[PDB]
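Enquirer: Protein sequence lines, in the order shown, are assigned to chains B and A. The first sequence begins at 39 in the authors' numbering and counts up one residue at a time. The second sequence begins at 39 in the authors' numbering and counts up one residue at a time. Mind looking over this structure? Questions follow.
2 protein chains.
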Amino acid sequence: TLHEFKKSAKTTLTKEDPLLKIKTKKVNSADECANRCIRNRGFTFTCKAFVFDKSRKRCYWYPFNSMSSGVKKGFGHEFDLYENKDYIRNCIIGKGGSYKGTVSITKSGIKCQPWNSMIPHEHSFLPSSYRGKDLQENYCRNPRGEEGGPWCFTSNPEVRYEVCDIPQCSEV
Amino acid sequence: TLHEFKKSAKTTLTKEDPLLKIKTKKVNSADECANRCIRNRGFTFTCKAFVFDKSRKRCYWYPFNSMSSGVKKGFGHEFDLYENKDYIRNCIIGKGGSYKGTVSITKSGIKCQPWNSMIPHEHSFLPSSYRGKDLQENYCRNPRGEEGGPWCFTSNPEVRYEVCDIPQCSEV
Numbered sequence: 039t040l041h042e043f044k045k046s047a048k049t050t051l052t053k054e055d056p057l058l059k060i061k062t063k064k065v066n067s068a069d070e071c072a073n074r075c076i077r078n079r080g081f082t083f084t085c086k087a088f089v090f091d092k093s094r095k096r097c098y099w100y101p102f103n104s105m106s107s108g109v110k111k112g113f114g115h116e117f118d119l120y121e122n123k124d125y126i127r128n129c130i131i132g133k134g135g136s137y138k139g140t141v142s143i144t145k146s147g148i149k150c151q152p153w154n155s156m157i158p159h160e161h162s163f164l165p166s167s168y169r170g171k172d173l174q175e176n177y178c179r180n181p182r183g184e185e186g187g188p189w190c191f192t193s194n195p196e197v198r199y200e201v202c203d204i205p206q207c208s209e210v
Numbered sequence: 039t040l041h042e043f044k045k046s047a048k049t050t051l052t053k054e055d056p057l058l059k060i061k062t063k064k065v066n067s068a069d070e071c072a073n074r075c076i077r078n079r080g081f082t083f084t085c086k087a088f089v090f091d092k093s094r095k096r097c098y099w100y101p102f103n104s105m106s107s108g109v110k111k112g113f114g115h116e117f118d119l120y121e122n123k124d125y126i127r128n129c130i131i132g133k134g135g136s137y138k139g140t141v142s143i144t145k146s147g148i149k150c151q152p153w154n155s156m157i158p159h160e161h162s163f164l165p166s167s168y169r170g171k172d173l174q175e176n177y178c179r180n181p182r183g184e185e186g187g188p189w190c191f192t193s194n195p196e197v198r199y200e201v202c203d204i205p206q207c208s209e210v
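Following this line, the structure appears as structure tokens:
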């Protein structure tokens with residue numbers, strides 16, 4: 039059930055104003071948080087993401103994600119951000135230089151290679167460089183904002199990289 | 039695992055051109071089809087949807103969904119369309135009169151009432167009327183193309199309907 043979310047390790051969301059309260063609860067695991075954000079149990083809002091305090095074992099169910107306005111994202115090795123994929127835009131806007139979706143299969147069905155891995159191919163596209171371009175796992179991303187759109191390094195030794203078949207919002 | 043798809047009962051996809059082949063396989067259940075479209079097993083394309091022939095127990099893995107161009111959708115009581123949610127636009131374009139996402143919680147956390155149900159409230163918004171507006175299950179839809187955007191009939195007897203908190207593609 040935690041599979042239906044997008045984890046951002048050691049990350050927490052912060053916003054700005056006083057008008058915001060954060061529904062929390064002493065939970066047993068991060069799964070409990072998730073199986074309640076999904077089924078929107080006792081919420082007076084629409085849960086789009088939640089943060090799990092690993093040290094206190096507490097959840098903080100939010101009505102927005104790291105992508106909302108005014109929404110910043112703090113650091114902490116005891117926190118874990120989890121965002122409902124239902125609320126992370128799945129289509130591209132242009133060359134999709136701001137794509138944050140979990141797609142990780144190239145236009146022709148080849149699984150992607152982790153950005154934090156140098157096999158099968160070696161590259162310069164590290165998470166430590168393109169910070170903010172979200173080069174997590176093996177997601178389809180576009181660091182340089184190239185024309186092709188989201189792409190990734192193929193796990194097929196015969197293919198360096200390749201574009202990903204991700205829909206335009208103003209499609210075809 | 040079939041939960042990570044959007045079923046459209048007794049429906050099949052048809053396209054137009056000759057240049058298209060359809061990967062199929064004699065499968066045991068519709069789950070088998072799904073657990074292979076998801077993990078893109080032996081595909082030379084990106085599976086966005088699949089159709090299960092209940093009578094032949096065969097899958098047809100497609101590289102597009104009912105939303106692609108040239109793509110039509112036939113009828114048959116032995117067929118079942120299943121579309122990867124990853125490829126069904128989750129954001130709104132305007133008043134979102136063409137929204138086909140699986141969201142079904144109102145802006146304030148109230149679960150939605152099935153369009154094919156007359157409880158708690160009675161209405162005229164039937165699937166038989168607004169055909170093409172996809173008034174399936176209890177999804178957030180906008181039949182009349184109103185200003186508010188996607189909405190639905192609340193399951194709370196105290197609330198007739200209410201808007202759903204669904205993101206704009208050119209958000210905020």
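All C-beta atoms, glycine included, are put in the ideal place defined by N, C-alpha and C.
1) Looking at A/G114 and A/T62, is the spacing between their C-beta atoms short of 7 Å?
2) From B/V210 to B/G80, what does the alpha carbon distance come to, in whole angstroms?
3) Determine, using beta carbons only, whether A/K149 and A/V109 come nearer to each other than 7 Å.
4) Tell me the DSSP secondary structure of B/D69 in three-state form.
5) Counting Cβ pairs, one atom from each stretch, are 3 or more of them under 8 Å apart for the region 86 to 105 of chain A and the region 152 to 168 of chain B?
6) Of the residues that make up the region 125 to 136 of chain B, which ones have a beta carbon closer than 9 Å to any beta carbon in chain A?
7) From A/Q151 to A/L57, what does the alpha carbon distance come to, in whole angstroms?
8) Less than 6 Å between C-beta atoms, sequence neighbours within five positions excluded: which residues of the same chain meet that for A/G186?
9) Which residues in the same chain have their Cβ closer than 7 Å to the Cβ of A/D172, if we skip the five residues on either side of it in sequence?
10) Output the distance between the C-alpha atoms of A/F90 and B/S166, rounded to the nearest integer angstrom.
11) Our contact map puts A/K145 next to A/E184 with C-beta atoms below 8 Å; I'd like the distance itself, whole angstroms only.
12) What are the boundary residues of the beta strand (DSSP E) that A/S106 is part of?
13) Check the Cβ-Cβ distances between B/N78 and every residue of chain A, and say whether any is below 7 Å.
14) Can you check the region 90 to 162 of chain A for any beta strand (DSSP E) of at least 3 residues that lies completely inside it and give the ranges in chain order?
Expert: The short version:
1) What you label residue 62 of chain A is simply residue 24 of the second sequence in a count that begins at 1. What you label residue 114 of chain A is simply residue 76 of the second sequence in a count that begins at 1. No, Cβ-Cβ distance for A/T62 and A/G114 is not below 7 Å.
2) For the purposes of this step, residue 210 of chain B is taken as residue 172 along the first sequence, with counting starting at 1. For the purposes of this step, residue 80 of chain B is taken as residue 42 along the first sequence, with counting starting at 1. Approximately 40 Å, taken between the alpha carbons.
3) Mapped onto the second sequence, residue 149 of chain A falls at position 111. Mapped onto the second sequence, residue 109 of chain A falls at position 71. For A/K149 and A/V109, no; Cβs fall outside 7 Å.
4) Position 31 of the first sequence, counted from the first residue, corresponds to residue 69 of chain B. Correct three-state label for B/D69: helix.
5) no
6) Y125, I126, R127, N128, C129, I131
7) For the purposes of this step, residue 151 of chain A is taken as the residue at position 113 of the second sequence. For the purposes of this step, residue 57 of chain A is taken as the residue at position 19 of the second sequence. Each residue's Cα considered, the two are about 42 Å apart.
8) Residue mapping note: residue 186 of chain A aligns to position 148 of the second sequence, counting from 1. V201, listed in sequence order.
9) On the second sequence, position 134 is the one that residue 172 of chain A refers to. Same-chain partners within the cutoff: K138, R179.
10) The residue given as residue 90 of chain A occupies position 52 in the second sequence. The residue given as residue 166 of chain B occupies position 128 in the first sequence. Each residue's Cα considered, the two are about 44 Å apart.
11) Translated into the one-based positions of the second sequence, residue 145 of chain A becomes position 107. Translated into the one-based positions of the second sequence, residue 184 of chain A becomes position 146. 14 Å between Cβ atoms; not a contact.
12) The sequence position of residue 106 of chain A within the second sequence is 68, counting from 1. First-last for A/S106: undefined, no H or E at that position.
13) For this step, residue 78 of chain B is matched to residue 40 along the first sequence. Yes, B/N78 counts as interfacial toward chain A.
14) 96 to 100, 110 to 122
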